[PDB]
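Enquirer: For reference, the file start-v6.txt (compact mmCIF, N, CA and C atoms) is included below:
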# COMPACT_ATOMS: atom_id res chain seq x y z
N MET A 1 -103.43 -70.56 11.40
CA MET A 1 -104.78 -70.10 11.74
C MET A 1 -105.52 -71.14 12.59
N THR A 2 -105.07 -72.39 12.53
CA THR A 2 -105.54 -73.41 13.47
C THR A 2 -105.08 -73.08 14.88
N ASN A 3 -105.96 -73.31 15.86
CA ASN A 3 -105.57 -73.16 17.26
C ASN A 3 -104.37 -74.03 17.60
N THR A 4 -104.25 -75.20 16.96
CA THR A 4 -103.09 -76.06 17.18
C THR A 4 -101.83 -75.42 16.60
N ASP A 5 -101.90 -74.97 15.34
CA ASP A 5 -100.72 -74.42 14.69
C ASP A 5 -100.27 -73.12 15.34
N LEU A 6 -101.22 -72.30 15.80
CA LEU A 6 -100.87 -70.99 16.34
C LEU A 6 -100.29 -71.07 17.74
N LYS A 7 -100.66 -72.10 18.51
CA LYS A 7 -100.30 -72.21 19.92
C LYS A 7 -98.80 -72.02 20.15
N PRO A 8 -97.91 -72.81 19.53
CA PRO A 8 -96.48 -72.61 19.82
C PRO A 8 -95.97 -71.25 19.40
N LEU A 9 -96.55 -70.65 18.35
CA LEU A 9 -96.13 -69.32 17.93
C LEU A 9 -96.67 -68.25 18.88
N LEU A 10 -97.87 -68.45 19.42
CA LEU A 10 -98.39 -67.50 20.40
C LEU A 10 -97.63 -67.59 21.72
N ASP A 11 -97.37 -68.82 22.22
CA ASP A 11 -96.59 -68.99 23.44
C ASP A 11 -95.21 -68.36 23.31
N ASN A 12 -94.55 -68.57 22.16
CA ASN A 12 -93.25 -67.96 21.94
C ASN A 12 -93.33 -66.44 22.02
N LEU A 13 -94.37 -65.85 21.42
CA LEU A 13 -94.49 -64.40 21.49
C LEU A 13 -94.78 -63.94 22.91
N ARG A 14 -95.68 -64.65 23.60
CA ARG A 14 -95.98 -64.31 24.99
C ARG A 14 -94.72 -64.33 25.85
N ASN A 15 -93.90 -65.37 25.70
CA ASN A 15 -92.71 -65.49 26.54
C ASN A 15 -91.69 -64.42 26.20
N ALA A 16 -91.48 -64.16 24.90
CA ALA A 16 -90.63 -63.04 24.50
C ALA A 16 -91.15 -61.72 25.08
N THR A 17 -92.46 -61.56 25.16
CA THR A 17 -92.98 -60.32 25.74
C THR A 17 -92.76 -60.29 27.24
N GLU A 18 -92.99 -61.41 27.92
CA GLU A 18 -92.69 -61.45 29.35
C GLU A 18 -91.21 -61.20 29.62
N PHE A 19 -90.32 -61.65 28.73
CA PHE A 19 -88.90 -61.37 28.91
C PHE A 19 -88.61 -59.89 28.72
N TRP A 20 -89.16 -59.32 27.64
CA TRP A 20 -89.07 -57.89 27.37
C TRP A 20 -89.58 -57.07 28.55
N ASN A 21 -90.72 -57.48 29.14
CA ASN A 21 -91.28 -56.75 30.27
C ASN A 21 -90.37 -56.83 31.49
N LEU A 22 -89.73 -57.99 31.69
CA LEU A 22 -88.76 -58.15 32.77
C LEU A 22 -87.52 -57.29 32.55
N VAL A 23 -87.00 -57.30 31.33
CA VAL A 23 -85.90 -56.41 30.97
C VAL A 23 -86.25 -54.96 31.29
N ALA A 24 -87.49 -54.54 30.96
CA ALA A 24 -87.91 -53.17 31.25
C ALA A 24 -87.92 -52.89 32.74
N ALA A 25 -88.42 -53.84 33.56
CA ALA A 25 -88.38 -53.67 35.00
C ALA A 25 -86.95 -53.63 35.52
N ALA A 26 -86.08 -54.49 34.98
CA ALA A 26 -84.71 -54.49 35.47
C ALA A 26 -83.95 -53.24 35.06
N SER A 27 -84.44 -52.52 34.04
CA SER A 27 -83.70 -51.38 33.54
C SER A 27 -83.74 -50.19 34.49
N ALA A 28 -84.58 -50.22 35.52
CA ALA A 28 -84.53 -49.16 36.52
C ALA A 28 -83.28 -49.26 37.38
N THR A 29 -82.65 -50.44 37.47
CA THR A 29 -81.47 -50.63 38.31
C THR A 29 -80.27 -51.24 37.59
N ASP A 30 -80.44 -51.82 36.40
CA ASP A 30 -79.31 -52.34 35.63
C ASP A 30 -78.31 -51.23 35.30
N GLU A 31 -77.02 -51.56 35.37
CA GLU A 31 -76.01 -50.72 34.75
C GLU A 31 -76.24 -50.67 33.24
N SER A 32 -75.79 -49.58 32.61
CA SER A 32 -76.14 -49.32 31.21
C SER A 32 -75.61 -50.39 30.26
N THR A 33 -74.43 -50.97 30.55
CA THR A 33 -73.92 -52.01 29.66
C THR A 33 -74.80 -53.24 29.72
N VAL A 34 -75.23 -53.61 30.93
CA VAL A 34 -76.11 -54.77 31.10
C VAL A 34 -77.44 -54.52 30.42
N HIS A 35 -77.98 -53.31 30.59
CA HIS A 35 -79.27 -53.01 29.97
C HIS A 35 -79.18 -53.10 28.45
N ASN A 36 -78.14 -52.51 27.86
CA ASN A 36 -78.09 -52.47 26.39
C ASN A 36 -78.03 -53.88 25.82
N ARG A 37 -77.32 -54.78 26.50
CA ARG A 37 -77.22 -56.15 26.02
C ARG A 37 -78.55 -56.88 26.18
N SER A 38 -79.17 -56.78 27.36
CA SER A 38 -80.45 -57.43 27.57
C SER A 38 -81.52 -56.88 26.64
N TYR A 39 -81.54 -55.56 26.45
CA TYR A 39 -82.55 -54.95 25.59
C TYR A 39 -82.38 -55.40 24.14
N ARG A 40 -81.14 -55.42 23.65
CA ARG A 40 -80.90 -55.93 22.30
C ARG A 40 -81.34 -57.38 22.17
N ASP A 41 -81.08 -58.19 23.20
CA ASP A 41 -81.52 -59.57 23.18
C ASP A 41 -83.04 -59.68 23.20
N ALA A 42 -83.70 -58.87 24.03
CA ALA A 42 -85.16 -58.91 24.10
C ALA A 42 -85.79 -58.44 22.79
N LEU A 43 -85.23 -57.39 22.19
CA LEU A 43 -85.76 -56.93 20.91
C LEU A 43 -85.60 -58.00 19.84
N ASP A 44 -84.46 -58.68 19.82
CA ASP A 44 -84.26 -59.71 18.81
C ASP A 44 -85.29 -60.82 18.95
N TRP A 45 -85.53 -61.28 20.19
CA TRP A 45 -86.51 -62.33 20.42
C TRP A 45 -87.93 -61.84 20.11
N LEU A 46 -88.27 -60.62 20.54
CA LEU A 46 -89.56 -60.04 20.19
C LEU A 46 -89.78 -60.04 18.68
N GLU A 47 -88.80 -59.54 17.94
CA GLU A 47 -88.93 -59.46 16.49
C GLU A 47 -89.03 -60.84 15.86
N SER A 48 -88.12 -61.75 16.22
CA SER A 48 -88.13 -63.05 15.55
C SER A 48 -89.41 -63.82 15.87
N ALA A 49 -89.91 -63.70 17.10
CA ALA A 49 -91.17 -64.37 17.43
C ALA A 49 -92.36 -63.69 16.75
N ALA A 50 -92.34 -62.36 16.66
CA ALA A 50 -93.41 -61.67 15.96
C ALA A 50 -93.43 -62.05 14.49
N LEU A 51 -92.25 -62.04 13.85
CA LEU A 51 -92.19 -62.33 12.42
C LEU A 51 -92.56 -63.77 12.12
N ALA A 52 -92.22 -64.70 13.03
CA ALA A 52 -92.57 -66.10 12.80
C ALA A 52 -94.08 -66.30 12.81
N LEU A 53 -94.78 -65.64 13.74
CA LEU A 53 -96.24 -65.71 13.75
C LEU A 53 -96.83 -64.95 12.57
N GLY A 54 -96.24 -63.80 12.24
CA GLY A 54 -96.74 -63.04 11.10
C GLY A 54 -96.53 -63.77 9.79
N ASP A 55 -95.39 -64.46 9.65
CA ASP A 55 -95.18 -65.19 8.40
C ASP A 55 -96.11 -66.40 8.30
N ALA A 56 -96.47 -67.01 9.44
CA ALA A 56 -97.46 -68.09 9.40
C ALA A 56 -98.86 -67.56 9.08
N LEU A 57 -99.21 -66.37 9.57
CA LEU A 57 -100.50 -65.80 9.23
C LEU A 57 -100.57 -65.46 7.75
N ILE A 58 -99.48 -64.91 7.20
CA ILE A 58 -99.41 -64.62 5.77
C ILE A 58 -99.54 -65.89 4.96
N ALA A 59 -98.82 -66.95 5.35
CA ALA A 59 -98.84 -68.19 4.59
C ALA A 59 -100.21 -68.84 4.64
N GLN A 60 -100.89 -68.76 5.78
CA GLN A 60 -102.21 -69.38 5.89
C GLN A 60 -103.25 -68.61 5.09
N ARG A 61 -103.18 -67.28 5.09
CA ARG A 61 -104.10 -66.51 4.25
C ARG A 61 -103.93 -66.89 2.78
N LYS A 62 -102.69 -67.14 2.36
CA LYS A 62 -102.42 -67.64 1.02
C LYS A 62 -102.74 -69.14 0.98
N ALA A 63 -104.05 -69.43 1.00
CA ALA A 63 -104.57 -70.80 0.98
C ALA A 63 -106.08 -70.81 0.83
N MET B 1 -106.95 -67.37 24.59
CA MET B 1 -107.77 -66.18 24.42
C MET B 1 -108.76 -66.35 23.26
N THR B 2 -109.78 -65.49 23.20
CA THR B 2 -110.89 -65.68 22.27
C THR B 2 -110.51 -65.30 20.84
N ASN B 3 -111.10 -66.02 19.88
CA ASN B 3 -110.78 -65.82 18.47
C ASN B 3 -111.23 -64.45 17.96
N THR B 4 -112.21 -63.82 18.61
CA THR B 4 -112.61 -62.48 18.19
C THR B 4 -111.72 -61.41 18.81
N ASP B 5 -111.21 -61.63 20.02
CA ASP B 5 -110.23 -60.71 20.59
C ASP B 5 -108.90 -60.79 19.86
N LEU B 6 -108.52 -61.98 19.41
CA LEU B 6 -107.23 -62.15 18.76
C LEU B 6 -107.21 -61.48 17.39
N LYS B 7 -108.28 -61.64 16.62
CA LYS B 7 -108.31 -61.25 15.20
C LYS B 7 -107.74 -59.87 14.92
N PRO B 8 -108.18 -58.79 15.56
CA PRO B 8 -107.54 -57.49 15.29
C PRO B 8 -106.05 -57.49 15.58
N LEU B 9 -105.63 -58.08 16.70
CA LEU B 9 -104.21 -58.12 17.04
C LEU B 9 -103.43 -58.96 16.04
N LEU B 10 -103.98 -60.11 15.64
CA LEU B 10 -103.33 -60.92 14.61
C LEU B 10 -103.28 -60.18 13.28
N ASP B 11 -104.38 -59.51 12.90
CA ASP B 11 -104.38 -58.76 11.65
C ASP B 11 -103.30 -57.69 11.65
N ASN B 12 -103.16 -56.96 12.75
CA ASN B 12 -102.14 -55.92 12.83
C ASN B 12 -100.74 -56.50 12.72
N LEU B 13 -100.51 -57.67 13.34
CA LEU B 13 -99.17 -58.25 13.26
C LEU B 13 -98.89 -58.77 11.86
N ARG B 14 -99.90 -59.38 11.23
CA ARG B 14 -99.74 -59.84 9.85
C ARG B 14 -99.40 -58.69 8.91
N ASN B 15 -100.15 -57.57 9.00
CA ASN B 15 -99.85 -56.39 8.16
C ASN B 15 -98.45 -55.86 8.46
N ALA B 16 -98.08 -55.78 9.74
CA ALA B 16 -96.75 -55.28 10.09
C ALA B 16 -95.66 -56.19 9.56
N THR B 17 -95.92 -57.50 9.55
CA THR B 17 -94.96 -58.46 9.03
C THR B 17 -94.83 -58.34 7.52
N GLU B 18 -95.96 -58.22 6.81
CA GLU B 18 -95.90 -58.06 5.36
C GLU B 18 -95.17 -56.78 4.99
N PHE B 19 -95.40 -55.71 5.76
CA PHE B 19 -94.73 -54.43 5.55
C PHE B 19 -93.23 -54.56 5.79
N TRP B 20 -92.86 -55.16 6.92
CA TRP B 20 -91.46 -55.43 7.24
C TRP B 20 -90.77 -56.23 6.13
N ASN B 21 -91.39 -57.33 5.70
CA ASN B 21 -90.79 -58.17 4.66
C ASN B 21 -90.55 -57.39 3.37
N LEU B 22 -91.48 -56.51 3.00
CA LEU B 22 -91.32 -55.78 1.75
C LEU B 22 -90.24 -54.71 1.87
N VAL B 23 -90.16 -54.03 3.01
CA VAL B 23 -89.04 -53.11 3.21
C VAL B 23 -87.72 -53.86 3.10
N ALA B 24 -87.62 -55.01 3.75
CA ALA B 24 -86.38 -55.79 3.67
C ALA B 24 -86.12 -56.26 2.25
N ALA B 25 -87.19 -56.60 1.51
CA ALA B 25 -87.01 -57.15 0.16
C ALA B 25 -86.51 -56.11 -0.83
N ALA B 26 -86.74 -54.82 -0.57
CA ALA B 26 -86.27 -53.80 -1.50
C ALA B 26 -84.78 -53.50 -1.36
N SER B 27 -84.13 -53.99 -0.31
CA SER B 27 -82.71 -53.75 -0.13
C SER B 27 -81.88 -54.93 -0.65
N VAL B 34 -81.92 -49.43 8.59
CA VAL B 34 -82.08 -48.11 9.20
C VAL B 34 -81.81 -47.05 8.14
N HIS B 35 -82.64 -47.03 7.10
CA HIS B 35 -82.39 -46.19 5.93
C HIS B 35 -83.55 -45.31 5.51
N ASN B 36 -84.79 -45.63 5.88
CA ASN B 36 -85.95 -45.02 5.26
C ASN B 36 -86.97 -44.60 6.31
N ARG B 37 -87.82 -43.65 5.90
CA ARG B 37 -89.03 -43.36 6.67
C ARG B 37 -89.95 -44.58 6.72
N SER B 38 -90.01 -45.35 5.63
CA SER B 38 -90.84 -46.55 5.64
C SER B 38 -90.21 -47.65 6.48
N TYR B 39 -88.88 -47.77 6.44
CA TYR B 39 -88.22 -48.75 7.29
C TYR B 39 -88.48 -48.47 8.76
N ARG B 40 -88.34 -47.20 9.17
CA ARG B 40 -88.58 -46.86 10.57
C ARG B 40 -90.03 -47.10 10.95
N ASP B 41 -90.97 -46.75 10.07
CA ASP B 41 -92.38 -46.97 10.38
C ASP B 41 -92.71 -48.45 10.45
N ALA B 42 -92.12 -49.26 9.57
CA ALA B 42 -92.40 -50.69 9.61
C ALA B 42 -91.83 -51.33 10.88
N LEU B 43 -90.62 -50.94 11.27
CA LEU B 43 -90.04 -51.42 12.53
C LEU B 43 -90.90 -51.02 13.72
N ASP B 44 -91.28 -49.73 13.79
CA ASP B 44 -92.19 -49.25 14.83
C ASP B 44 -93.48 -50.07 14.86
N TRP B 45 -94.07 -50.32 13.69
CA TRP B 45 -95.36 -51.01 13.63
C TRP B 45 -95.21 -52.48 13.98
N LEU B 46 -94.10 -53.10 13.57
CA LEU B 46 -93.81 -54.46 14.00
C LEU B 46 -93.69 -54.55 15.51
N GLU B 47 -92.88 -53.68 16.11
CA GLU B 47 -92.70 -53.72 17.56
C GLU B 47 -94.02 -53.48 18.28
N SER B 48 -94.81 -52.52 17.79
CA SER B 48 -96.04 -52.18 18.49
C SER B 48 -97.09 -53.28 18.35
N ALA B 49 -97.18 -53.93 17.18
CA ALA B 49 -98.13 -55.04 17.04
C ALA B 49 -97.68 -56.27 17.83
N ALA B 50 -96.37 -56.52 17.87
CA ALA B 50 -95.85 -57.63 18.67
C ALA B 50 -96.16 -57.43 20.14
N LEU B 51 -95.87 -56.23 20.66
CA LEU B 51 -96.09 -55.94 22.07
C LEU B 51 -97.57 -55.94 22.41
N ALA B 52 -98.42 -55.41 21.52
CA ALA B 52 -99.85 -55.38 21.81
C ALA B 52 -100.41 -56.79 21.93
N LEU B 53 -100.01 -57.69 21.04
CA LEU B 53 -100.53 -59.05 21.12
C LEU B 53 -99.87 -59.81 22.26
N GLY B 54 -98.57 -59.58 22.47
CA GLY B 54 -97.90 -60.22 23.59
C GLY B 54 -98.52 -59.83 24.91
N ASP B 55 -98.81 -58.54 25.09
CA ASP B 55 -99.36 -58.07 26.36
C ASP B 55 -100.80 -58.52 26.55
N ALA B 56 -101.56 -58.63 25.47
CA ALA B 56 -102.93 -59.14 25.57
C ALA B 56 -102.92 -60.61 25.98
N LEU B 57 -102.01 -61.40 25.41
CA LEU B 57 -101.87 -62.79 25.85
C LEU B 57 -101.55 -62.88 27.34
N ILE B 58 -100.65 -62.03 27.83
CA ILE B 58 -100.34 -62.00 29.26
C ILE B 58 -101.56 -61.56 30.06
N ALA B 59 -102.22 -60.49 29.60
CA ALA B 59 -103.35 -59.93 30.34
C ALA B 59 -104.49 -60.93 30.48
N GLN B 60 -104.79 -61.67 29.41
CA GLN B 60 -105.86 -62.64 29.48
C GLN B 60 -105.50 -63.79 30.42
N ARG B 61 -104.27 -64.30 30.32
CA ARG B 61 -103.90 -65.48 31.09
C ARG B 61 -103.70 -65.08 32.55
N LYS B 62 -104.82 -64.96 33.26
CA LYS B 62 -104.84 -64.67 34.68
C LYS B 62 -105.91 -65.54 35.34
N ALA B 63 -107.03 -65.72 34.64
CA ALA B 63 -108.11 -66.57 35.12
C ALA B 63 -108.88 -67.11 33.91
How does this structure look as C-alpha cells?
Expert:
Amino acid sequence: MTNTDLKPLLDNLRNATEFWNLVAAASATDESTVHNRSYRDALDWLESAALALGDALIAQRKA
Amino acid sequence: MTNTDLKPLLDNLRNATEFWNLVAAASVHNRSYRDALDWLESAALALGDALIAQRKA
C-alpha cells in the first residue's frame, strides 16, 4: 500500500500488459502456432503479475 | 498515477485475487473458477491499461 512497495508490482503489471497488448497487435499477422505460444506466455505473465500485486494488497489490508 | 484513481482498480484486483485464491484452495472445473479467472484477467487488464494510459504526460 506504500507507494514504494507498490511501485515494482505496478511496473511489473504495466509491462506485462504492454507485452499482452503487443501480442494482441502481432496476432493479426502471426501464424497460429506462434500466436498460441505468445498468448499463453502473455497470459501467464499477466496472471502472475496480477496475483503478486493482489496478494500484496491482501497482506497489507491484514495489518 | 493518483491514489484516488488507483483505489477502485486496486480494490477490484484485490477482490479478484482473493476470489482466485479461494477457488484454488478448494481443489477449469467450475462456474466460479471461470468467473474468478475472467475477473482476475479483467481487473489485471483494467489496471494495466490505466497505468499505460496515464503514463503519457
Enquirer: Do me a favour and pick out the residues of chain B within 6 Å of chain A, using only N, CA and C atoms, as a list in words.
Expert: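 Filtering chain B at 6 Å from chain A with only N, CA and C atoms gives residues 13, 14, 17, 50, 54 and 58 of chain B.
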Enquirer: Given 3 Å of margin on each side, can you work out the centre and size in Å (one decimal) of an axis-aligned box holding every listed atom of stretch 43-55 of chain A, as AutoDock Vina command-line options?
Expert:
--center_x -90.5 --center_y -61.7 --center_z 15.2 --size_x 18.6 --size_y 15.5 --size_z 19.9
Enquirer: Please, what distance in Å, to one decimal, runs between atom C of residue A:27 and atom N of residue B:48?
Expert: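 Rounded to one decimal, the two atoms are 20.2 Å apart.
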Enquirer: Rank nothing, just name the residue among A:7, A:19, A:62, A:28 nearest to residue B:51, using only C-alpha atoms.
Expert: A:19
Enquirer: Can you work out the spacing between atom CA of residue B:46 and atom CA of residue B:16 in Å, to one decimal?
Expert: 5.0 Å
Enquirer: Taking the DSSP assignment computed from this structure's backbone, write out as number ranges by chain all residues of chain B that belong to helix (DSSP H, G or I).
Expert: B: 3-25, 37-60
Enquirer: One decimal, in Å: what's the spacing between atom CA of residue B:43 and atom CA of residue A:2?
Expert: 26.9 Å
